[PDB]
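Single-structure report; data block below.
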There are 2 protein chains.
Amino acid sequence: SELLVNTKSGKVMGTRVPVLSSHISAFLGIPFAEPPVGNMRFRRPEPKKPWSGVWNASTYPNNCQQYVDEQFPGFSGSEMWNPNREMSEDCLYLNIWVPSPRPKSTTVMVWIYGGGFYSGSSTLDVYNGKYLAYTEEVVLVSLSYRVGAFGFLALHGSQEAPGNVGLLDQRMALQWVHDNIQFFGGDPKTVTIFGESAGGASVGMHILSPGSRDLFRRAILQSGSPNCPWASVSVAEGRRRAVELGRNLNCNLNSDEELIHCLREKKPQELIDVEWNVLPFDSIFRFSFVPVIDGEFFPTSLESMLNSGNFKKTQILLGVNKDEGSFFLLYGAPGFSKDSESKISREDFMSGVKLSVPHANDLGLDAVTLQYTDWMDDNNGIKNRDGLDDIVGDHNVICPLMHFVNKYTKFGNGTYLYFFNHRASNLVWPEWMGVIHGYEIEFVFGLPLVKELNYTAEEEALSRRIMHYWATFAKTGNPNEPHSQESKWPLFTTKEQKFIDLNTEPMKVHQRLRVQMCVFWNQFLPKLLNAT
Amino acid sequence: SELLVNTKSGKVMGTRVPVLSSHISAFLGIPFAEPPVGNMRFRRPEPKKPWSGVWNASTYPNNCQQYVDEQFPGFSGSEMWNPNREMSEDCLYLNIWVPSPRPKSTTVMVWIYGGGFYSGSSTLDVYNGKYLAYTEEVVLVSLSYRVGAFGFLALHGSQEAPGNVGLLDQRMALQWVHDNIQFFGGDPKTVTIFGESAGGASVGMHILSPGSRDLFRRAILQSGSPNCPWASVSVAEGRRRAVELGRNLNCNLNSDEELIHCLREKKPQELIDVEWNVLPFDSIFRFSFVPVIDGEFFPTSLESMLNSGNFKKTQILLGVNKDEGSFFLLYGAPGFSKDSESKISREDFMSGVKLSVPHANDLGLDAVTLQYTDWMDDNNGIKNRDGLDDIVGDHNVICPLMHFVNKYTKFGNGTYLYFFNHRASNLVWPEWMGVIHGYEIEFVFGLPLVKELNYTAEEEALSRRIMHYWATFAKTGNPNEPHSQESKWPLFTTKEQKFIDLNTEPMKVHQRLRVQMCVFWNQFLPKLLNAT
Ligand SMILES: *[C@@H]1O[C@H](CO)[C@@H](O[C@@H]2O[C@H](CO)[C@@H](O)[C@H](O)[C@H]2NC(C)=O)[C@H](O)[C@H]1NC(C)=O
Ligand SMILES: *[C@@H]1O[C@H](CO)[C@@H](O[C@@H]2O[C@H](CO)[C@@H](O)[C@H](O)[C@H]2NC(C)=O)[C@H](O)[C@H]1NC(C)=O
Ligand SMILES: *[C@@H]1O[C@H](CO)[C@@H](O)[C@H](O)[C@H]1NC(C)=O
Ligand SMILES: *[C@@H]1O[C@H](CO)[C@@H](O)[C@H](O)[C@H]1NC(C)=O
Ligand SMILES: *[C@@H]1O[C@H](CO)[C@@H](O)[C@H](O)[C@H]1NC(C)=O
Ligand SMILES: *[C@@H]1O[C@H](CO)[C@@H](O)[C@H](O)[C@H]1NC(C)=O
């Protein structure tokens, strides 16, 4: 029957799921690794042992143990991102949505969730793959991976907690998809990996890591790139944070083994409770347990890999939202609140700047302030608020992405760049936050097609265009339908560096996305900080 | 008779001079110092010994020994600035234009010529004081002062060539005006000193120097300020240049006395011939022999004098032309020529930058380039040409003036700021050079009132308004006619920092002149260069 699928790990039984007046099949909660529990906490994942009998894949699995945002209880804006299932260290599962009738060999898209490497869930309502599977006739997978210390605690030199094990969870799910998706009707030769913020950085990281490159064909990076300043630390810095985590929990610190043993005795919540105490700076947009530049997953520095062409050469489609900073300013910067316009004084600006570039010396802070201050109007509360939004976005998201694009495009096989600047008409966050990171996701997954969710007609049409761009790209390496009548999203080339806006208005093509600021962030400021 | 004037130095006979259908008296070539010749070359000036008989003051005097621009022979644009009389070391004279009939006690304006401290003449057609004396009923004086090595060679510690003797020539003429102008009908209590580029810096310097402050009432600075980077050097740097000048002339360098004696044996042209060989850097807008920060004329650093209020507190009227850089780029920077549009390549830009900020290290050069490059359009030849014009102007003229204004205004008694941006319709220099430094002078002296000089009616009216602003300010401390109907030039205050445009269109008031760039040049760049 259409809902029974025999895989190399064993049989799986799915469930029939309604979607827009029709139905498809879903196989939810399929295990791809052994539970990383007990003495396997902090370890590389191990493949799931095959099972006898039929694995019930009718309901979502547990979400990984993680920090839960309780900043605005009952507010759907923040809560749409929290775990909606029980949390467990037994959380290495994937979900698959399959068109009905079962295809024979169709394009596969594997979603990798964001969450700063400290959070995220495959099971969120905004990541429900049925609309996209159904509408574009793809097989849609969502994986999971360990986050926080569970995923990224790094004691380089140890085999017990080497770092990067969350990235190895993701790799392992990609291995399973490679090995088994054919039985669901998917084409293992045509797997696009896609993700947002840490999900986008993650996609970049599998492009770079020799151990991951062969497990997929093509890649989509939403607001995230592997070289983002928040997305990796050195093995020395990872070590330092693991030790500080131990100190917060009164562990024996005399050796890696005693530390690791002490942390493995702790309930998951005891780690989460102190996780944010190990950051080296007073900062925003910095996360405690993230990928480490280990000499294995990543054989050299990300920048030397980029410069040298040491990465998978394929097609990529990528982009950023207009207001990537606003979330982190809201949560972490004085003067910004959810229910005011958040006009920012000059003194809250300066403070904002310091939180946003924690690694800068005073001269660096002056360079940033100068770059973003209109000195004819330097007490404009809105200019200050928006200027800081831009600083956080440009430094953390846009400019690293732009550097990745320009480096990748030299050796790669086709680049498509977007700038998503539509603010959804039903957004529950205040207006000042603008086009917030993550609010393109609902368009990518087709939520605007569901009448009850309160989008406009023009939002439905934007969602359909974006889904079709994404699936057509996954299918062919080009988001445009060949020889159709609609405006063409042009290739981004080294010479002309075109991109398009994504929104409800007629396509417009531009060039050199935020180039003036990205020269500052990618060339001038780093040179200043190295010299001084 | 109206043309005979008895002064404390002796009698003087002037000449009757036609001006716009009427006549006034001129007394030209009055000596105010002993000839600084022979063993008095490089010395402080000495007062002129009084004379028996009647001094013929019917013709212009000699111009001081100086570099003569021969870059464009026969071209009136460049030649209007060269000496139009014989050159001589016997050149310390002044000229006075007196209304007819002789006033009893009228406002006096004393003009101090520019020329980078290496050139200039009181006798140029563009400095003919008769139009202004006549039209505004002031007594107009033009002085002279030693330029080049003759004026500014500095061997601090020696009494034979101590530095600043050109500034002492100017002081001495101001002393003579204080002591004698009453006999010409002038009011020694109401002397405004005014000047352009090095003339404007000079005015600033008498405002600052305790030894000069008492000799005048009020001051006008056209495109020049005492803190300009080109307008002074340290005693160490002056010493270094004097020694290098000696080396170029095969002098004995064993002591100050032997050097000074060797230089005093040289014909004036032998000094001029090697004067430009002593500059420390490959540069533009840098002159070899300029004022020195000696601990006497200037008791401390110009910046400490500014910060502390150690200066004369009076009213000042000052301003800049729109395109202050274009002359020096034309003369000294690759890619700029007089008979082309001078579209500048990226590589000539970078070179331009290096010539313009010679004292900068590489990081400083990158900061300047970034500030002035539009990275969406970085190969635009016109943007590059104009961007460099702005760099040279802002760094050398506008931004130093703006710093002076803001410092002065804290302690002073009334500041009026202008931005002259009218390009004269008969300008012989190419269009790309725009509103070139020095081309407001002809408006200040009333040349547009002379039909044969080919100005428009609206240029005649701009000249009359400017002359009347200048004379009304000299007379009262405020350029506006009290209780008249015309738009009011407002005071520049610390809080609101207003200025006006000077041109043929209705007055417009603005605020914070080039503030974005002057924060870069006055605060950020110096901080960068000190740290790195
Ligand atoms: C992506 O890859 C293919 C080749 O691997 C490129 O197409 C080749 O283009 C070269 C250069 O014109 C031709 O000699 C070959 O005929 C092409 N080969 C094939 C198999 O078509 C294609 O240009 C690349 N696209 C981009 C944007 O780099
Ligand atoms: C310039 O100087 C005069 C005073 O020396 C200023 O006028 C004085 O203003 C103070 C403050 O209001 C008053 O107490 C006096 O009545 C004024 N004195 C005289 C003699 O008028 C004048 O304000 C100053 N102008 C500027 C722009 O600073
Ligand atoms: C699988 O689990 C779901 C929910 O727990 C249950 O309703 C369903 O009947 C199960 N399927 C079978 C046949 O065990
Ligand atoms: C749609 O709007 C209504 C009425 O304004 C509201 O009560 C409802 O919650 C909205 N639905 C959703 C799913 O947000
Ligand atoms: C003064 O000099 C001028 C020109 O050299 C001459 O014409 C004039 O007659 C002289 N005046 C007298 C009376 O000496
Ligand atoms: C005025 O213009 C004429 C004719 O174009 C020219 O020959 C003359 O030189 C000009 N006069 C001046 C003083 O420039």
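The residue numbers of chain A are those assigned by Swiss-Prot, with the residues present covering 25-556 sequentially.
According to its header, the structure was obtained by X-ray crystallography, 2.1 Å.
Positions of Cβ are set from backbone N, Cα and C atoms, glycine also.
Positions annotated as N-linked glycosylation site by Swiss-Prot, on the basis of experimental evidence: A:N80 (among others). A:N80 (N-linked glycosylation site) falls within a strand when secondary structure is assigned with DSSP. For A:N80 (N-linked glycosylation site), the same-chain residues lying six or more positions away in sequence with a CB closer than 8 A to its CB are A:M37, A:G53.
Look at A:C88 (disulfide bond): DSSP puts it in coil. Taking Cβ-Cβ distances under 8 Å and a sequence gap of 6 or more within the same chain, the neighbours of A:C88 (disulfide bond) are A:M111, A:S112, A:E113, A:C115, A:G144, A:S145, A:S168, A:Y169, A:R170, A:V171, A:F174, A:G175. Annotated disulfide bond per Swiss-Prot: A:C88-A:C115 (among others), in sequence order.
With a cut-off of 8 Å between CB atoms and residues at least 6 apart in sequence, the same chain places A:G138, A:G139, A:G140, A:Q246, A:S247, A:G248, A:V421, A:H461, A:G462 near A:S221 (active site, acyl-ester intermediate), listed in sequence order. Residues annotated as active site, acyl-ester intermediate in Swiss-Prot: A:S221.
The Cβ of A:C275 (disulfide bond) lies under 8 Å from the Cβ of A:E282, A:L283, A:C286, A:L287, each of these being in the same chain and 6 or more residues away along the sequence. The disulfide bond annotation in Swiss-Prot covers A:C275-A:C286 (among others).
Annotation comment: Swiss-Prot describes A:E348 (among others) as active site, charge relay system. A:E348 (active site, charge relay system) falls outside any helix or strand according to DSSP and counts as coil. Neighbour density for A:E348 (active site, charge relay system): within 10 A of its CB lie 27 other CB atoms from the protein chains shown.
Swiss-Prot lists A:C423-A:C542 (among others) with the feature disulfide bond. All protein chains included, A:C423 (disulfide bond) registers 26 other Cβ atoms within 10 Å of its own Cβ.
For A:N437 (N-linked glycosylation site), the same-chain residues that are 6 or more apart in sequence and have a Cβ closer than 8 Å to its Cβ are A:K337, A:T338, A:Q339, A:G501. According to Swiss-Prot, the feature N-linked glycosylation site maps to A:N437 (among others).
Feature annotation from Swiss-Prot assigns active site, charge relay system to A:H461 (among others).
Annotation source Swiss-Prot lists N-linked glycosylation site at A:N478 (among others), citing experimental evidence. A 10 Å cutoff on Cβ-Cβ distances gives A:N478 (N-linked glycosylation site) a total of 11 other Cβ atoms nearby, all chains included.
What Swiss-Prot records for A:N554 (among others) is N-linked glycosylation site, and it gives experimental evidence as the kind of evidence. Secondary structure at A:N554 (N-linked glycosylation site), as computed by DSSP, is helix.
Among the recorded positions listed (A:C115, A:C286, A:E348, A:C423, A:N478), A:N478 have a CB atom closer than 6 Å to some atom of ligand 4, in sequence order. A:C115 (disulfide bond): 28 other CB atoms within 10 A of its CB, across all protein chains. Residue with the densest Cβ environment among the recorded positions A:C286, A:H461, A:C542, A:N554: A:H461, by other Cβ atoms within 10 Å. DSSP assigns A:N478 (N-linked glycosylation site) to coil in the three-state reduction, outside any helix or strand. Calculated from their C-alpha atoms, the gap between A:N554 (N-linked glycosylation site) and A:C423 (disulfide bond) amounts to 18 Å. Distances between the Cα of A:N478 (N-linked glycosylation site) and those of the recorded positions A:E348, A:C423, A:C542 are shortest for A:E348. Proximity to ligand 3 (Cβ under 6 Å from any of its atoms) holds for these recorded positions out of A:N80, A:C286, A:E348, A:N437, A:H461, A:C542: A:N80.
For the pair formed by A:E348 (active site, charge relay system) and A:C423 (disulfide bond), distance between Cα atoms is given as 11 Å, rounded to the nearest Å. Listed recorded positions: A:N80, A:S221, A:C275, A:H461, A:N478, A:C542. Those with a CB atom under 6 Å from ligand 2: none. With a cut-off of under 6 Å between the Cβ and any atom of ligand 1, the recorded positions A:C275, A:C423, A:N437 reduce to A:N437.
DSSP gives A:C286 (disulfide bond) a helix state.
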